[PDB]
There are 2 protein chains.
Amino acid sequence: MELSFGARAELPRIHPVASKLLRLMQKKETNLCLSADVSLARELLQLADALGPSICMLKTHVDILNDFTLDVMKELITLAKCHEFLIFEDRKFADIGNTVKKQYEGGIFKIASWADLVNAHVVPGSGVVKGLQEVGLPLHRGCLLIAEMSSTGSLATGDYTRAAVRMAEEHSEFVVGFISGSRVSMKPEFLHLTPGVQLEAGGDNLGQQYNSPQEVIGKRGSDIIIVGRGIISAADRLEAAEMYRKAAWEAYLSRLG
Amino acid sequence: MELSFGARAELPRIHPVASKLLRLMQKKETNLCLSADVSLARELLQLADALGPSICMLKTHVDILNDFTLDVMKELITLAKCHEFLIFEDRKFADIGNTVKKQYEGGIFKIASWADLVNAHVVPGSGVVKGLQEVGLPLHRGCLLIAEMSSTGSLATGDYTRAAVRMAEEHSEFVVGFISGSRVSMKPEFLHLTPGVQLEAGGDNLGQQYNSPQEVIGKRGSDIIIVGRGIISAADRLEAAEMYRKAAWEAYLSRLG
Ligand SMILES: [Cl-]
Ligand SMILES: [Cl-]
(Lines give C-alpha, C1' and ligand atoms only; values in the text may rest on other atoms or scores of the structure.)
(Ligands and ions follow the chains in the order given, each with its own letter.)
Protein backbone atom coordinates (compact mmCIF):
# COMPACT_ATOMS: atom_id res chain seq x y z
CA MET A 1 0.00 0.00 0.00
CA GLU A 2 2.24 2.75 1.36
CA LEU A 3 5.39 3.49 -0.65
CA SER A 4 8.83 4.56 0.56
CA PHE A 5 10.03 8.08 -0.11
CA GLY A 6 12.33 6.70 -2.85
CA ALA A 7 9.44 4.96 -4.61
CA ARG A 8 7.21 8.03 -4.27
CA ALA A 9 9.98 9.98 -6.00
CA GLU A 10 9.28 7.90 -9.12
CA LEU A 11 5.48 8.20 -9.21
CA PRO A 12 4.11 9.08 -12.68
CA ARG A 13 2.50 12.34 -11.53
CA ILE A 14 5.31 13.43 -9.19
CA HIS A 15 6.48 17.06 -9.49
CA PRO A 16 10.23 17.35 -10.24
CA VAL A 17 10.86 19.37 -7.06
CA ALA A 18 9.01 16.77 -4.98
CA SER A 19 11.01 14.02 -6.68
CA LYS A 20 14.36 15.67 -5.90
CA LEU A 21 13.32 16.13 -2.28
CA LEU A 22 12.02 12.59 -1.85
CA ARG A 23 15.22 11.15 -3.32
CA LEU A 24 17.50 13.09 -0.97
CA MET A 25 15.27 12.21 2.01
CA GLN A 26 15.77 8.52 1.20
CA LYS A 27 19.50 8.92 0.50
CA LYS A 28 20.24 10.85 3.70
CA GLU A 29 17.68 9.16 5.97
CA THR A 30 16.12 12.49 6.91
CA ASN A 31 12.59 13.85 6.91
CA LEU A 32 13.52 16.85 9.09
CA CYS A 33 13.01 20.43 7.89
CA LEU A 34 14.96 23.00 9.91
CA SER A 35 13.05 26.19 10.62
CA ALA A 36 16.08 28.52 10.65
CA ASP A 37 14.43 31.22 12.72
CA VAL A 38 17.30 33.59 13.30
CA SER A 39 17.84 37.26 12.50
CA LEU A 40 21.56 37.16 11.56
CA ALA A 41 22.86 35.96 8.18
CA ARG A 42 26.01 34.53 9.80
CA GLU A 43 23.96 32.37 12.18
CA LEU A 44 21.71 31.24 9.31
CA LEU A 45 24.70 30.15 7.25
CA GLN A 46 26.48 28.51 10.20
CA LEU A 47 23.35 26.50 11.00
CA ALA A 48 22.88 25.57 7.35
CA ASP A 49 26.46 24.28 7.09
CA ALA A 50 26.52 22.33 10.37
CA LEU A 51 23.00 20.92 10.16
CA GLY A 52 22.92 20.50 6.35
CA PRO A 53 23.75 16.78 6.48
CA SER A 54 20.88 16.12 8.95
CA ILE A 55 18.06 17.92 7.12
CA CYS A 56 16.07 17.47 3.90
CA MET A 57 15.03 21.11 3.84
CA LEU A 58 15.90 24.49 5.36
CA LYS A 59 12.99 26.82 5.90
CA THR A 60 13.57 30.56 5.93
CA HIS A 61 11.75 33.71 6.88
CA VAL A 62 13.82 36.13 4.77
CA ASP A 63 11.80 39.09 6.08
CA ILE A 64 13.19 38.67 9.61
CA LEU A 65 16.86 38.64 8.51
CA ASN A 66 18.28 41.95 9.71
CA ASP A 67 21.15 41.77 7.23
CA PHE A 68 19.50 40.16 4.20
CA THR A 69 21.24 40.53 0.86
CA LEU A 70 20.92 38.40 -2.26
CA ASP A 71 24.58 37.42 -1.67
CA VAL A 72 23.52 35.78 1.60
CA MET A 73 21.06 33.67 -0.43
CA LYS A 74 23.82 32.78 -2.91
CA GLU A 75 25.85 31.41 -0.01
CA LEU A 76 22.83 29.49 1.28
CA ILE A 77 22.33 27.91 -2.15
CA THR A 78 25.99 26.81 -2.17
CA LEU A 79 25.38 25.02 1.13
CA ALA A 80 22.08 23.58 -0.11
CA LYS A 81 23.82 22.06 -3.13
CA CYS A 82 26.80 20.84 -1.07
CA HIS A 83 24.80 19.15 1.68
CA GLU A 84 21.73 18.34 -0.49
CA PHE A 85 18.68 20.06 0.95
CA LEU A 86 15.93 22.23 -0.54
CA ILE A 87 15.28 25.83 0.48
CA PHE A 88 11.70 26.66 1.49
CA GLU A 89 10.74 30.31 2.05
CA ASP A 90 7.82 30.32 4.51
CA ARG A 91 6.30 33.47 3.02
CA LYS A 92 2.65 32.35 3.40
CA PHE A 93 1.52 34.25 0.29
CA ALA A 94 -2.08 35.30 0.94
CA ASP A 95 -3.05 38.08 -1.45
CA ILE A 96 -4.91 38.30 -4.73
CA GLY A 97 -3.20 36.63 -7.70
CA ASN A 98 -1.99 39.79 -9.39
CA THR A 99 -0.19 40.91 -6.22
CA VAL A 100 1.41 37.62 -5.13
CA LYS A 101 3.11 37.26 -8.53
CA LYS A 102 5.03 40.49 -7.89
CA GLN A 103 5.76 39.61 -4.26
CA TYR A 104 7.19 36.25 -5.41
CA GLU A 105 9.36 37.49 -8.29
CA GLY A 106 10.31 41.05 -7.38
CA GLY A 107 11.05 43.54 -4.67
CA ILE A 108 14.29 43.35 -2.69
CA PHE A 109 13.99 39.65 -1.84
CA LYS A 110 13.46 38.15 -5.33
CA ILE A 111 12.17 35.04 -3.57
CA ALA A 112 11.59 32.97 -6.72
CA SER A 113 15.26 33.31 -7.72
CA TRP A 114 16.50 31.26 -4.72
CA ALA A 115 13.57 29.40 -3.08
CA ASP A 116 12.87 25.86 -4.31
CA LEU A 117 9.60 25.95 -2.41
CA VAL A 118 7.18 28.58 -1.12
CA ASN A 119 3.80 28.29 0.57
CA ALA A 120 0.44 29.96 0.25
CA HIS A 121 -2.79 30.35 2.16
CA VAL A 122 -5.88 29.30 0.24
CA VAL A 123 -8.22 31.96 1.69
CA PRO A 124 -8.09 34.24 -1.39
CA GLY A 125 -9.30 31.44 -3.67
CA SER A 126 -7.35 29.72 -6.43
CA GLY A 127 -6.12 33.00 -7.89
CA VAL A 128 -3.38 32.94 -5.27
CA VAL A 129 -2.02 29.75 -6.87
CA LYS A 130 -2.57 30.93 -10.45
CA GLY A 131 -0.65 34.14 -9.76
CA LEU A 132 2.26 32.37 -8.09
CA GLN A 133 2.36 29.75 -10.89
CA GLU A 134 2.91 32.37 -13.54
CA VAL A 135 6.32 33.03 -11.96
CA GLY A 136 7.03 29.63 -10.41
CA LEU A 137 6.31 27.31 -13.32
CA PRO A 138 8.89 28.94 -15.67
CA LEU A 139 11.41 28.84 -12.82
CA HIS A 140 10.72 25.16 -12.14
CA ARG A 141 9.61 25.85 -8.57
CA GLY A 142 7.03 24.22 -6.30
CA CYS A 143 4.43 25.44 -3.84
CA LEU A 144 2.84 24.08 -0.64
CA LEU A 145 -0.77 24.97 0.33
CA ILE A 146 -1.59 25.62 3.97
CA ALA A 147 -4.41 23.16 4.67
CA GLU A 148 -4.22 23.22 8.51
CA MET A 149 -2.31 25.30 11.06
CA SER A 150 -0.81 24.30 14.40
CA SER A 151 -1.88 27.38 16.31
CA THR A 152 -4.69 27.79 18.81
CA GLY A 153 -7.92 28.94 17.20
CA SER A 154 -6.88 28.04 13.68
CA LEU A 155 -9.74 28.45 11.19
CA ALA A 156 -8.06 26.09 8.71
CA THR A 157 -10.42 23.23 9.48
CA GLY A 158 -13.30 21.31 7.95
CA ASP A 159 -14.46 22.68 4.59
CA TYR A 160 -11.50 25.11 4.50
CA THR A 161 -9.08 22.17 4.66
CA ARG A 162 -11.09 20.33 1.99
CA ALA A 163 -10.90 23.39 -0.27
CA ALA A 164 -7.09 23.49 0.09
CA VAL A 165 -6.84 19.85 -0.95
CA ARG A 166 -9.06 20.43 -3.99
CA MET A 167 -7.01 23.48 -4.97
CA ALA A 168 -3.79 21.42 -4.75
CA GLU A 169 -5.21 18.60 -6.88
CA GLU A 170 -6.38 21.04 -9.49
CA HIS A 171 -2.95 22.73 -9.68
CA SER A 172 -0.62 19.73 -9.53
CA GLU A 173 1.80 21.17 -12.10
CA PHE A 174 2.93 23.65 -9.38
CA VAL A 175 1.49 22.53 -6.01
CA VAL A 176 3.59 19.70 -4.53
CA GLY A 177 1.92 19.28 -1.16
CA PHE A 178 0.64 20.76 2.06
CA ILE A 179 1.43 22.39 5.32
CA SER A 180 -0.86 20.41 7.59
CA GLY A 181 -1.07 18.71 10.98
CA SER A 182 -1.90 15.34 9.48
CA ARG A 183 -2.28 13.54 6.17
CA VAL A 184 -5.06 15.42 4.32
CA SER A 185 -4.69 13.90 0.83
CA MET A 186 -4.76 10.23 -0.08
CA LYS A 187 -2.63 10.88 -3.19
CA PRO A 188 0.98 9.81 -2.53
CA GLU A 189 2.42 12.38 -5.00
CA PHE A 190 1.69 15.10 -2.44
CA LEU A 191 4.07 15.94 0.40
CA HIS A 192 2.78 16.67 3.92
CA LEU A 193 4.96 18.98 6.08
CA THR A 194 4.01 19.61 9.71
CA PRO A 195 5.16 22.46 11.95
CA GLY A 196 4.37 22.79 15.68
CA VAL A 197 6.78 19.98 16.60
CA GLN A 198 8.84 19.37 19.73
CA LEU A 199 9.90 16.26 21.64
CA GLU A 200 8.37 17.62 24.86
CA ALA A 201 4.77 18.68 25.38
CA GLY A 202 3.88 22.34 25.45
CA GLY A 203 3.42 25.47 23.39
CA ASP A 204 4.27 29.16 23.61
CA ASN A 205 2.33 32.19 24.91
CA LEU A 206 1.29 33.32 21.41
CA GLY A 207 -0.81 30.34 20.35
CA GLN A 208 1.80 27.79 19.19
CA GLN A 209 1.01 24.19 20.19
CA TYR A 210 3.37 21.20 20.07
CA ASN A 211 3.10 17.57 19.12
CA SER A 212 5.92 15.02 18.90
CA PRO A 213 7.55 13.54 15.80
CA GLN A 214 6.12 10.13 16.69
CA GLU A 215 2.60 11.60 16.89
CA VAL A 216 2.88 13.67 13.72
CA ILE A 217 4.69 11.21 11.46
CA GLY A 218 3.67 7.91 13.04
CA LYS A 219 0.06 8.46 14.06
CA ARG A 220 -1.10 11.42 11.94
CA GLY A 221 0.69 10.23 8.77
CA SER A 222 2.65 13.33 7.79
CA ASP A 223 5.92 13.13 5.87
CA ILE A 224 8.24 15.83 7.21
CA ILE A 225 8.52 17.63 10.53
CA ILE A 226 9.31 21.35 10.60
CA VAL A 227 11.22 22.16 13.79
CA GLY A 228 12.22 25.66 14.95
CA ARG A 229 12.79 26.52 18.63
CA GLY A 230 13.11 22.83 19.56
CA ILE A 231 16.44 22.99 17.71
CA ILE A 232 17.32 26.69 17.55
CA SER A 233 16.99 27.35 21.30
CA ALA A 234 19.05 24.27 22.24
CA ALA A 235 22.70 24.71 23.19
CA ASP A 236 23.94 22.10 20.74
CA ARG A 237 21.84 22.61 17.62
CA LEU A 238 23.59 19.76 15.81
CA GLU A 239 22.74 17.16 18.47
CA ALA A 240 19.21 18.56 18.67
CA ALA A 241 18.81 18.24 14.87
CA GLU A 242 20.06 14.66 15.03
CA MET A 243 17.55 13.84 17.78
CA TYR A 244 14.68 15.20 15.68
CA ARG A 245 15.96 13.48 12.53
CA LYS A 246 16.19 10.10 14.21
CA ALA A 247 12.75 10.57 15.77
CA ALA A 248 11.06 11.50 12.49
CA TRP A 249 12.89 8.85 10.44
CA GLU A 250 12.10 5.95 12.76
CA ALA A 251 8.44 7.07 13.01
CA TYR A 252 8.37 6.91 9.22
CA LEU A 253 10.02 3.49 9.01
CA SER A 254 7.64 2.04 11.58
CA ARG A 255 4.50 3.23 9.79
CA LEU A 256 5.97 1.87 6.52
CA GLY A 257 6.41 -1.51 8.20
CA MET B 1 -28.66 56.52 13.88
CA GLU B 2 -25.63 56.67 11.60
CA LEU B 3 -22.91 59.15 12.58
CA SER B 4 -20.63 61.24 10.36
CA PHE B 5 -16.95 60.40 10.17
CA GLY B 6 -16.22 63.45 12.38
CA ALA B 7 -18.63 62.27 15.07
CA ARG B 8 -17.30 58.70 14.89
CA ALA B 9 -13.85 60.17 15.53
CA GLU B 10 -15.11 61.18 18.99
CA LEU B 11 -16.73 57.90 20.03
CA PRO B 12 -15.77 56.79 23.58
CA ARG B 13 -14.19 53.51 22.43
CA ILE B 14 -12.50 54.90 19.31
CA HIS B 15 -8.84 53.93 18.76
CA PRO B 16 -6.53 56.97 18.44
CA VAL B 17 -5.39 55.93 14.95
CA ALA B 18 -9.01 55.51 13.83
CA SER B 19 -9.83 58.92 15.32
CA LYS B 20 -7.00 60.67 13.46
CA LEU B 21 -8.09 59.03 10.22
CA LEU B 22 -11.78 59.83 10.66
CA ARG B 23 -10.98 63.47 11.42
CA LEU B 24 -8.86 63.96 8.31
CA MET B 25 -11.48 62.16 6.18
CA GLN B 26 -14.06 64.71 7.35
CA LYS B 27 -11.69 67.67 6.98
CA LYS B 28 -10.56 66.76 3.46
CA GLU B 29 -13.84 65.24 2.21
CA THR B 30 -12.11 62.01 1.24
CA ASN B 31 -12.76 58.34 1.97
CA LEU B 32 -10.39 57.16 -0.78
CA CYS B 33 -7.38 54.95 -0.03
CA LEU B 34 -4.82 54.87 -2.84
CA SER B 35 -3.32 51.44 -3.48
CA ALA B 36 0.11 52.67 -4.64
CA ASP B 37 0.97 49.53 -6.57
CA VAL B 38 4.20 50.52 -8.23
CA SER B 39 7.71 49.09 -8.14
CA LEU B 40 9.74 52.35 -8.20
CA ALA B 41 10.28 54.56 -5.15
CA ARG B 42 10.25 57.71 -7.31
CA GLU B 43 6.82 56.85 -8.73
CA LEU B 44 5.51 56.03 -5.24
CA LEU B 45 6.65 59.39 -3.90
CA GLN B 46 5.42 61.32 -6.95
CA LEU B 47 1.98 59.72 -6.60
CA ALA B 48 1.94 60.38 -2.86
CA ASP B 49 2.73 64.07 -3.36
CA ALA B 50 0.29 64.70 -6.23
CA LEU B 51 -2.57 62.60 -4.89
CA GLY B 52 -1.97 63.32 -1.18
CA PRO B 53 -4.65 66.01 -0.98
CA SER B 54 -7.28 63.65 -2.48
CA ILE B 55 -6.72 60.61 -0.26
CA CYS B 56 -7.24 59.67 3.41
CA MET B 57 -4.74 56.84 3.21
CA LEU B 58 -1.92 55.49 1.04
CA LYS B 59 -1.59 51.74 0.95
CA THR B 60 1.78 50.17 0.23
CA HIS B 61 3.22 46.82 -0.66
CA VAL B 62 6.81 47.50 0.46
CA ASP B 63 7.90 44.03 -0.68
CA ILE B 64 7.31 44.90 -4.36
CA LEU B 65 9.41 48.10 -4.27
CA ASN B 66 12.54 47.30 -6.27
CA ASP B 67 14.48 50.11 -4.63
CA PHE B 68 13.11 50.07 -1.07
CA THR B 69 15.18 51.79 1.60
CA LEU B 70 14.08 53.14 4.97
CA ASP B 71 14.94 56.61 3.59
CA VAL B 72 12.20 56.16 0.99
CA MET B 73 9.76 55.57 3.87
CA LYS B 74 11.06 58.69 5.64
CA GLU B 75 10.18 60.70 2.53
CA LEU B 76 6.75 59.07 2.38
CA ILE B 77 6.10 60.02 6.01
CA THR B 78 7.02 63.64 5.23
CA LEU B 79 4.38 63.63 2.50
CA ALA B 80 1.86 61.88 4.76
CA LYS B 81 2.27 64.59 7.40
CA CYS B 82 2.22 67.41 4.83
CA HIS B 83 -0.91 66.28 2.98
CA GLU B 84 -2.53 64.51 5.97
CA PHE B 85 -3.02 60.84 5.15
CA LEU B 86 -2.21 57.61 6.99
CA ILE B 87 0.17 54.95 5.66
CA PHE B 88 -1.20 51.40 5.52
CA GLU B 89 1.18 48.54 4.70
CA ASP B 90 -0.92 45.76 3.13
CA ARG B 91 1.31 43.00 4.49
CA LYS B 92 -1.53 40.55 5.26
CA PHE B 93 0.28 39.03 8.25
CA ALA B 94 -0.82 35.39 8.42
CA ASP B 95 1.62 33.42 10.55
CA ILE B 96 1.74 32.24 14.14
CA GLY B 97 2.00 34.99 16.77
CA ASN B 98 5.65 34.51 17.60
CA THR B 99 6.64 34.93 13.94
CA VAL B 100 4.44 37.88 12.96
CA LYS B 101 5.88 39.98 15.81
CA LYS B 102 9.34 39.70 14.22
CA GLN B 103 8.02 40.26 10.69
CA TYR B 104 6.27 43.44 11.90
CA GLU B 105 9.14 44.98 13.90
CA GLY B 106 12.31 43.68 12.27
CA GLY B 107 14.02 42.54 9.12
CA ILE B 108 14.96 45.03 6.41
CA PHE B 109 11.54 46.68 6.22
CA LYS B 110 10.95 47.57 9.90
CA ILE B 111 7.28 47.94 9.01
CA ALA B 112 6.11 49.05 12.47
CA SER B 113 8.49 52.04 12.40
CA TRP B 114 6.63 53.75 9.52
CA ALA B 115 3.19 52.11 8.99
CA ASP B 116 0.25 53.64 10.87
CA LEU B 117 -1.81 50.62 9.90
CA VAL B 118 -1.20 47.00 8.92
CA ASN B 119 -3.57 44.13 8.24
CA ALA B 120 -3.78 40.49 9.19
CA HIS B 121 -5.58 37.34 8.16
CA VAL B 122 -7.48 35.63 10.96
CA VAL B 123 -6.84 32.04 9.81
CA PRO B 124 -4.09 31.35 12.38
CA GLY B 125 -6.40 32.21 15.28
CA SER B 126 -6.12 35.16 17.65
CA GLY B 127 -2.41 34.59 18.24
CA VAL B 128 -1.78 36.50 15.03
CA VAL B 129 -3.31 39.60 16.66
CA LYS B 130 -1.67 39.02 20.05
CA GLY B 131 1.76 38.75 18.42
CA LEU B 132 1.32 41.88 16.31
CA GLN B 133 -0.06 43.80 19.34
CA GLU B 134 3.07 43.21 21.34
CA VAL B 135 4.90 45.43 18.84
CA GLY B 136 2.04 47.65 17.67
CA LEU B 137 0.54 48.74 20.97
CA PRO B 138 3.79 50.32 22.30
CA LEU B 139 4.21 52.04 18.93
CA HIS B 140 0.65 53.39 18.99
CA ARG B 141 -0.26 51.58 15.78
CA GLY B 142 -3.50 50.01 14.53
CA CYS B 143 -4.44 46.84 12.69
CA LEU B 144 -7.20 45.81 10.26
CA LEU B 145 -8.52 42.20 10.15
CA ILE B 146 -9.36 40.64 6.81
CA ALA B 147 -12.99 39.56 7.24
CA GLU B 148 -13.85 39.12 3.52
CA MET B 149 -11.85 39.19 0.28
CA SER B 150 -12.80 40.50 -3.16
CA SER B 151 -11.30 37.65 -5.14
CA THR B 152 -13.02 34.75 -6.85
CA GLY B 153 -13.27 31.69 -4.63
CA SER B 154 -12.56 33.55 -1.41
CA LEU B 155 -13.00 31.33 1.65
CA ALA B 156 -13.45 34.37 3.92
CA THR B 157 -17.20 33.86 4.22
CA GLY B 158 -19.82 32.76 6.71
CA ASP B 159 -18.38 31.53 10.03
CA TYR B 160 -14.87 32.67 8.98
CA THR B 161 -16.13 36.25 8.62
CA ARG B 162 -17.95 35.98 11.96
CA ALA B 163 -14.73 34.80 13.62
CA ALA B 164 -12.85 37.83 12.26
CA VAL B 165 -15.45 40.17 13.72
CA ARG B 166 -15.28 38.46 17.11
CA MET B 167 -11.47 38.64 17.07
CA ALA B 168 -11.62 42.38 16.31
CA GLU B 169 -14.10 43.06 19.12
CA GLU B 170 -11.99 41.14 21.57
CA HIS B 171 -8.83 43.08 20.61
CA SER B 172 -10.18 46.62 20.27
CA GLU B 173 -7.10 48.20 21.88
CA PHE B 174 -5.21 47.38 18.63
CA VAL B 175 -7.75 46.32 15.96
CA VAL B 176 -9.42 49.38 14.40
CA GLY B 177 -11.49 47.74 11.69
CA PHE B 178 -11.75 45.41 8.74
CA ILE B 179 -10.87 44.70 5.19
CA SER B 180 -14.24 43.56 3.92
CA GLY B 181 -16.64 43.83 0.98
CA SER B 182 -19.45 45.21 3.12
CA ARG B 183 -20.24 46.35 6.64
CA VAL B 184 -19.60 43.30 8.87
CA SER B 185 -19.75 44.94 12.31
CA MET B 186 -22.57 47.02 13.73
CA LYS B 187 -20.16 48.87 16.05
CA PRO B 188 -19.40 52.34 14.62
CA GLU B 189 -15.92 52.48 16.22
CA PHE B 190 -14.71 50.02 13.58
CA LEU B 191 -13.58 51.12 10.12
CA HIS B 192 -14.55 49.14 7.00
CA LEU B 193 -12.12 49.36 4.03
CA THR B 194 -13.03 47.71 0.73
CA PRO B 195 -10.69 46.78 -2.13
CA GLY B 196 -11.79 45.41 -5.52
CA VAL B 197 -13.15 48.80 -6.63
CA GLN B 198 -13.45 50.38 -10.07
CA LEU B 199 -15.99 52.67 -11.72
CA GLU B 200 -16.48 50.20 -14.58
CA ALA B 201 -17.54 46.58 -14.28
CA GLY B 202 -14.98 43.84 -14.65
CA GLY B 203 -12.09 42.05 -13.02
CA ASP B 204 -8.68 40.70 -13.98
CA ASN B 205 -7.49 37.26 -15.15
CA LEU B 206 -6.15 36.29 -11.71
CA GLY B 207 -9.39 36.34 -9.71
CA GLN B 208 -9.88 40.05 -8.92
CA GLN B 209 -13.51 41.22 -9.14
CA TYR B 210 -14.76 44.82 -9.22
CA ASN B 211 -17.64 46.72 -7.71
CA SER B 212 -18.28 50.47 -7.88
CA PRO B 213 -17.88 53.06 -5.14
CA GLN B 214 -21.64 53.62 -5.11
CA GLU B 215 -22.24 49.88 -4.59
CA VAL B 216 -19.55 49.44 -1.94
CA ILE B 217 -20.08 52.61 0.10
CA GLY B 218 -23.73 53.34 -0.67
CA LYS B 219 -25.35 49.91 -0.77
CA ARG B 220 -22.93 47.65 1.13
CA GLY B 221 -22.18 50.23 3.86
CA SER B 222 -18.38 50.29 3.83
CA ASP B 223 -16.41 53.39 4.83
CA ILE B 224 -13.37 53.63 2.55
CA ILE B 225 -12.63 52.40 -0.96
CA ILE B 226 -9.18 51.01 -1.77
CA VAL B 227 -8.40 51.68 -5.43
CA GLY B 228 -5.31 50.43 -7.31
CA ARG B 229 -5.29 49.89 -11.09
CA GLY B 230 -8.42 52.04 -11.53
CA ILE B 231 -6.13 54.97 -10.67
CA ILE B 232 -2.60 53.69 -11.28
CA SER B 233 -3.20 52.52 -14.87
CA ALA B 234 -4.97 55.76 -15.86
CA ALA B 235 -3.03 58.40 -17.79
CA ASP B 236 -3.92 61.20 -15.40
CA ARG B 237 -3.73 59.64 -11.95
CA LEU B 238 -4.72 62.91 -10.27
CA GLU B 239 -8.00 63.23 -12.21
CA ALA B 240 -8.66 59.53 -11.66
CA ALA B 241 -8.12 59.93 -7.89
CA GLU B 242 -10.49 62.89 -7.85
CA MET B 243 -13.15 60.87 -9.70
CA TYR B 244 -12.91 58.06 -7.14
CA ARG B 245 -12.86 60.52 -4.22
CA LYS B 246 -15.97 62.31 -5.40
CA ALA B 247 -17.72 58.98 -6.05
CA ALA B 248 -16.93 57.55 -2.61
CA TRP B 249 -17.66 60.81 -0.75
CA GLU B 250 -21.06 61.41 -2.33
CA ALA B 251 -22.03 57.74 -1.78
CA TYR B 252 -21.21 58.32 1.89
CA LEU B 253 -23.15 61.58 2.14
CA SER B 254 -26.21 60.03 0.53
CA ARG B 255 -26.32 57.05 2.89
CA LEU B 256 -25.85 59.48 5.82
CA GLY B 257 -28.86 61.45 4.60
CL1 LIG C 1 3.42 27.59 10.34
CL1 LIG D 1 -6.91 42.78 -0.87
Side-chain angles (χ1 to χ4, degrees), chain A residues 35 37 39 61-69 90-103 105-111 121-131 134 146 149-156 158-160 163-164 167 195-196 204-209 228-229, chain B residues 35 37 39 61-69 90-103 105-111 121-131 134 146 149-156 158-160 163-164 167 195-196 204-209 228-229:
Chain A
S35 179
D37 284 349
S39 60
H61 283 297
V62 72
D63 64 331
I64 69 171
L65 283 177
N66 290 332
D67 54 358
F68 171 85
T69 70
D90 184 7
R91 177 57 182 78
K92 298 190 168 62
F93 291 104
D95 217 309
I96 69 175
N98 192 250
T99 291
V100 299
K101 66 173 173 25
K102 306 175 199 164
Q103 294 178 313
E105 188 175 44
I108 297 287
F109 296 140
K110 295 202 83 56
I111 291 167
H121 281 298
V122 298
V123 63
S126 69
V128 70
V129 181
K130 292 175 198 306
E134 305 208 333
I146 300 165
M149 294 195 66
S150 60
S151 43
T152 301
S154 170
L155 305 179
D159 291 346
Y160 185 106
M167 197 173 296
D204 74 9
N205 54 8
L206 289 173
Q208 180 64 298
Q209 304 183 103
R229 283 167 284 179
Chain B
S35 179
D37 284 349
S39 60
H61 283 297
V62 72
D63 64 331
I64 69 171
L65 283 177
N66 290 332
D67 54 358
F68 171 85
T69 70
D90 184 7
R91 177 57 182 78
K92 298 190 168 62
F93 291 104
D95 217 309
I96 69 175
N98 192 250
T99 291
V100 299
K101 66 173 173 25
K102 306 175 199 164
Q103 294 178 313
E105 188 175 44
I108 297 287
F109 296 140
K110 295 202 83 56
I111 291 167
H121 281 298
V122 298
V123 63
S126 69
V128 70
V129 181
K130 292 175 198 306
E134 305 208 333
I146 300 165
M149 294 195 66
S150 60
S151 43
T152 301
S154 170
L155 305 179
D159 291 346
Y160 185 106
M167 197 173 296
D204 74 9
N205 54 8
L206 289 173
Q208 180 64 298
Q209 304 183 103
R229 283 167 284 179

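Letters go in sequence order (proteins before strands), and every chain restarts at 1.
Across A/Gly228, A/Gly131, A/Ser154, A/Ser39, the residue that shares the most heavy-atom pairs under 4.5 angstrom with chain B is A/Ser154. Chosen from B/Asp63, B/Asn205, B/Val62, B/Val122, the residue pairing most often with chain A at heavy-atom distances under 4.5 Å is B/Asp63. Of all the listed residues (B/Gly207, B/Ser151, B/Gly196, B/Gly127), the one sharing the greatest number of non-hydrogen pairs under 4.5 Å with chain A is B/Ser151. The candidate from A/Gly153, A/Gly107, A/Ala163 with the greatest count of non-hydrogen atom pairs under 4.5 Å with chain B is A/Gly107. Ranked by heavy-atom pairs under 4.5 Å with chain B, the first of A/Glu105, A/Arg91, A/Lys130 is A/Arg91.
Interface remark: B/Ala94 contributes backbone and side-chain atoms alike to the contact with chain A (heavy atom separation under 4.5 Å). Of the atoms belonging to B/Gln208, it is side-chain heavy atoms, and not backbone ones, that fall under 4.5 Å from chain A. For B/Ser126, the part lying near chain A is the backbone, with the side chain staying farther off; criterion is any non-hydrogen pair under 4.5 Å. Only the side chain of B/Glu134 comes within contact range of chain A, judged by heavy atoms closer than 4.5 Å. Looking at B/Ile108, the atoms closer than 4.5 Å to chain A (heavy atoms on both sides) sit in the backbone and in the side chain alike.
The heavy-atom pair separating A/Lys102 from B/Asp37 by the smallest distance is NZ-CB, 4.1 Å. Scanning all heavy atoms of the two residues, the minimum distance from A/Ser150 to B/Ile96 falls at OG-CG2, 4.5 Å. Closest heavy-atom contact between A/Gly106 and B/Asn66: C-OD1, 4.3 Å.
Not counting sequence neighbours, A/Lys101 has no partner by the salt bridge (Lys or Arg N to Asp or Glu O under 4.0 Å) test. Take A/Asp204 and apply the salt bridge (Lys or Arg N to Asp or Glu O under 4.0 Å) test, not counting sequence neighbours, and it matches A/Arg229.
Residues A/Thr99 and B/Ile64 have side chains not in contact (no heavy-atom distance under 4.5 Å, counting atoms from C-beta outward).
Interatomic distance, CE of A/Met167 versus CG of B/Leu155, reported as 6.0 Å (0.5 Å rounding).
In this structure, A/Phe109 has its ring center at least 6.0 angstrom away from the ring center of B/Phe68.
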